[PDB]
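S.K.: After the structure tokens below, expect a handful of questions from me.
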Amino acid sequence: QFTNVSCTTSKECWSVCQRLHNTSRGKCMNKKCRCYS
Amino acid sequence: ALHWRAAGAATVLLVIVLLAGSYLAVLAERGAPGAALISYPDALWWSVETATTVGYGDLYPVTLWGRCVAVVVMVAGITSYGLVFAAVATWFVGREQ
Amino acid sequence: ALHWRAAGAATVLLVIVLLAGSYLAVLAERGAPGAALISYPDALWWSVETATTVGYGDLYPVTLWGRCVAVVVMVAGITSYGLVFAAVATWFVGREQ
Amino acid sequence: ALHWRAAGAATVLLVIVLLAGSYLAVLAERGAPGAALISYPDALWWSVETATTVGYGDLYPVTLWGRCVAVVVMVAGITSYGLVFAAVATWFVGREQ
Amino acid sequence: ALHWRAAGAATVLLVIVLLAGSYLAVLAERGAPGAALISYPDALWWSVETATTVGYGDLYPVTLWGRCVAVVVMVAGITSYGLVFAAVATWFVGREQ
């Protein structure tokens, strides 16, 4: 999924995905961190 | 006479494998945990980058099929591009003056 | 003489297509659902990477125009880089001693 | 004869280093605060891309071991691919007709 | 001789520019909220990938300095790798039998 998630690091990008819905592993975009499966 | 034609034709291969792979993966990734494409208009773009050793990341293959296309398109894109890199070398030698 | 000049000039092409594409896509991506190719200071950086078959991922194209630039800059970046790879080969052969 | 065999064999290297590295990193990345890649079915795919100077991004190994594999697979993938790029050049020269 | 040494030495360049750039960008990106290039242990890894036209995505330099390093390391990594691709071509020609 792609939501309005801050973008700073990858290690944190995951913690956000799991917290948001229930996913992890996701690259960071200049706009907002994208969540993946 | 080969470095020229060989290079010119090589471009065709990458072009074919590009479309094919895209549609090939789409039909698969479409119904399975894959990148954010679920269509050719998006997949096709992914194949192009993958063929040019780009692979932005916004949309990467996951499923077997989807992933299989990436590798298939990669070899095709590189092969076509390679012939061009070598093609210039051959002609580059034929110009002492 | 050609492998040298050809390679030296090739760098110019990639440089031109780089700026052009960046501004070309910006004007488009600027008013479209894209990553962050709205301004040149950012877009220009994206073109550079795309030209060097890099494509980090942070700034990627989405709209037709924005995407079109990626491909246009890719071919230009590779072409300029290719001439260099082959250029060295030609000169590499002329150095037996 | 060398440009042919050398190129044909080069492909083997990349193939080996690919699997090896994948499993090598997996055992490590599997248990450590590095990346998500914690299996072969997924890691193997990462090695392939890394070998073709692709590196989509879905998999970003941070751990020492995991990262070490990326570099090891990169050199192997490029080396195997390089021989092919040069192989065509050698044969390209042997064709004036 | 030259294709051999030239290629062997080229590797050194990429190695140097790698470390340098990493530390060069770190000192900058370190105090620039945007990229994850504050520590060398992490930055160094980013330079390696950027040098091999990889650029996974985890680390995407944004600040001028940070970005400047990417381009500097890219040209260095490619240059060193290029000499190798051409080096094999030169030697490949000297083995018709």
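Chains as they are written, first to last, in this note's numbering: chain L, 26 to 62; chain E, 72 to 168; chain C, 72 to 168; chain B, 72 to 168; chain G, 72 to 168. The beta carbon of each residue, even a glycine, is placed where N, CA and C say it ideally should be.
Give the interface partners of E/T82 over in chain G, defined as CB-CB distance under 9 Å, in chain order.
M.R.: Near E/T82 there are no residues of chain G at all, since even the closest Cβ is about 20 Å away, more than 9 Å.
S.K.: List the DSSP bridge partners of G/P104.
M.R.: Looking at the DSSP assignment, G/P104 forms a beta bridge with G/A106.
S.K.: What number of angstroms, rounded off, separates the C-alpha of L/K56 from the C-alpha of C/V164?
M.R.: Going from the Cα of L/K56 to the Cα of C/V164 covers about 49 Å.
S.K.: Closer than 8 Å, CB to CB, is C/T124 near chain B or not?
M.R.: So, interface residue.
S.K.: Contact criterion: CB-CB distance below 8 Å. Does B/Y127 meet it with respect to chain E?
M.R.: Judged by the 8 Å Cβ criterion, B/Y127 is in contact with chain E.
S.K.: Note the first and the last residue of the continuous alpha helix (DSSP H) segment covering E/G153.
M.R.: Taken as a continuous stretch (DSSP letters only), the alpha helix (DSSP H) holding E/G153 covers 135-164.
S.K.: Determine whether the Cβ of B/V142 lies closer than 8 Å to any Cβ atom of chain G.
M.R.: Yes, its Cβ sits closer than 8 Å to a Cβ of chain G.
S.K.: I need the DSSP call for residue 63 of chain L, collapsed to helix, strand or coil.
M.R.: Nothing can be reported for residue 63 of chain L: it is not among the residues displayed for chain L, which extend from 26 to 62.
S.K.: Can you tell which of E/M145, E/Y131, E/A77 has the C-alpha that lies nearest to the C-alpha of E/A114?
M.R.: The shortest Cα separation from E/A114 among E/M145, E/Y131, E/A77 belongs to E/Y131.
S.K.: Considering only residues of the same chain and omitting the five flanking positions on each side of G/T150, which have a CB-CB separation below 8 Å?
M.R.: So the list reads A81, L84, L85, once near-sequence residues are dropped.
S.K.: Let me check understanding here. Comparing Cα to Cα, which of C/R101, C/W117, C/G126, C/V125 lies closest to C/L89?
M.R.: The shortest C-alpha separation from C/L89 is found at C/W117.
S.K.: Taking its Cβ as the centre, do 16 or more other Cβ atoms sit within 10 Å of G/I87, making it buried, or is it exposed?
M.R.: Exposed, because fewer than 16 other Cβ atoms sit within 10 Å of the Cβ of G/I87.
S.K.: G/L90 versus chain C: which residues are under 8 Å apart at the beta carbon?
M.R.: Chain C residues near G/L90: none, gap ~19 Å exceeds 8 Å.
S.K.: Using a cut-off of 8 Å between C-beta atoms, extract the partners of C/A160 located in chain B.
M.R.: Under the 8 Å cutoff, chain B gives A157, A160.
S.K.: Take G/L95 as the anchor and find which of G/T161, G/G153, G/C139, G/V133 has the nearest alpha-carbon.
M.R.: When each option's Cα is compared against that of G/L95, the closest is G/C139.
S.K.: When the distance is taken between beta carbons, is G/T134 closer than 8 Å to C/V125?
M.R.: No, Cβ-Cβ distance for C/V125 and G/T134 is not below 8 Å.
S.K.: Can you tell me which of E/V119, E/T161, E/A158 puts its alpha carbon nearest to the alpha carbon of C/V143?
M.R.: Checking every option, the nearest Cα to that of C/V143 belongs to E/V119.
S.K.: When the Cα of G/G137 is compared with those of G/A78, G/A72, G/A91, which residue comes out closest?
M.R.: The option with the nearest alpha carbon to G/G137 is G/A91.
S.K.: Near B/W75, which residues of its chain fall below 8 Å by C-beta distance, leaving aside the five closest residues on each side in sequence?
M.R.: Closer than 8 Å at the Cβ level, and outside the excluded window around B/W75, lie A158, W162.
S.K.: Can you have a look at B/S110 and say buried or exposed, based on whether 16 or more other CB atoms are within 10 angstroms of its CB?
M.R.: The residue is exposed, with fewer than 16 neighbouring Cβ atoms inside 10 Å.
S.K.: Quick one: using the 10 Å Cβ neighbour count with 16 as the cut-off for buried, is G/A160 buried or exposed?
M.R.: So G/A160 ends up on the buried side.
S.K.: Please state the DSSP three-state secondary structure of B/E167.
M.R.: Coil, per DSSP.
S.K.: Is E/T82 helix, strand or coil by DSSP?
M.R.: Helix, per DSSP.
S.K.: Give every residue of the same chain whose Cβ lies closer than 6 Å to the Cβ of L/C60, excluding the five residues on either side of it in the sequence, and list them in chain order.
M.R.: Taken in chain order, the residues that qualify are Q26, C42, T48, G51.
S.K.: Can you pull the chain L neighbours of B/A107, defined as C-beta to C-beta under 8 Å?
M.R.: Correct list: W39, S49, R50.
S.K.: For chain E, is any of its Cβ atoms less than 8 Å away from the one on C/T121?
M.R.: Chain E contact via Cβ: present.
S.K.: Pull up the distance between the alpha-carbon of B/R101 and that of G/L73, whole angstroms please.
M.R.: The alpha-carbon atoms of B/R101 and G/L73 are separated by roughly 44 Å.
S.K.: For C/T123, is the classification buried or exposed, using 16 other Cβ atoms within 10 angstroms of its Cβ as the cut-off for buried?
M.R.: Result: buried.
S.K.: Quick one: what's got a C-beta closer than 8 Å to C/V97's C-beta in the same chain, skipping five residues either side?
M.R.: Around C/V97: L108, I109, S110, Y111, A114.
S.K.: Return helix, strand or coil for L/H46, following the three-state DSSP convention.
M.R.: Here L/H46 sits in coil by DSSP.
S.K.: If you count every other CB in all the chains shown that lies within 10 Å of the CB of L/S31, and 16 or more means buried, which is it?
M.R.: Per the 10 Å Cβ criterion, exposed.
S.K.: Over what stretch of residues does the alpha helix (DSSP H) that includes B/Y131 continue unbroken?
M.R.: Counting along the chain, B/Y131 falls outside any alpha helix (DSSP H), and DSSP gives it neither H nor E.
S.K.: Give every residue of the same chain whose Cβ lies closer than 6 Å to the Cβ of E/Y127, excluding the five residues on either side of it in the sequence, and list them in chain order.
M.R.: Once the five neighbours on either side are set aside, the close Cβ partners of E/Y127 are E120.
S.K.: Between which two residues does the alpha helix (DSSP H) carrying E/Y111 extend?
M.R.: Its alpha helix (DSSP H) spans residues 111-122.
S.K.: Under 8 Å Cβ to Cβ from G/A106, same chain only, skipping five residues before and after it: list those, please.
M.R.: Here the set comprises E100, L130, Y131, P132, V133, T134, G137.
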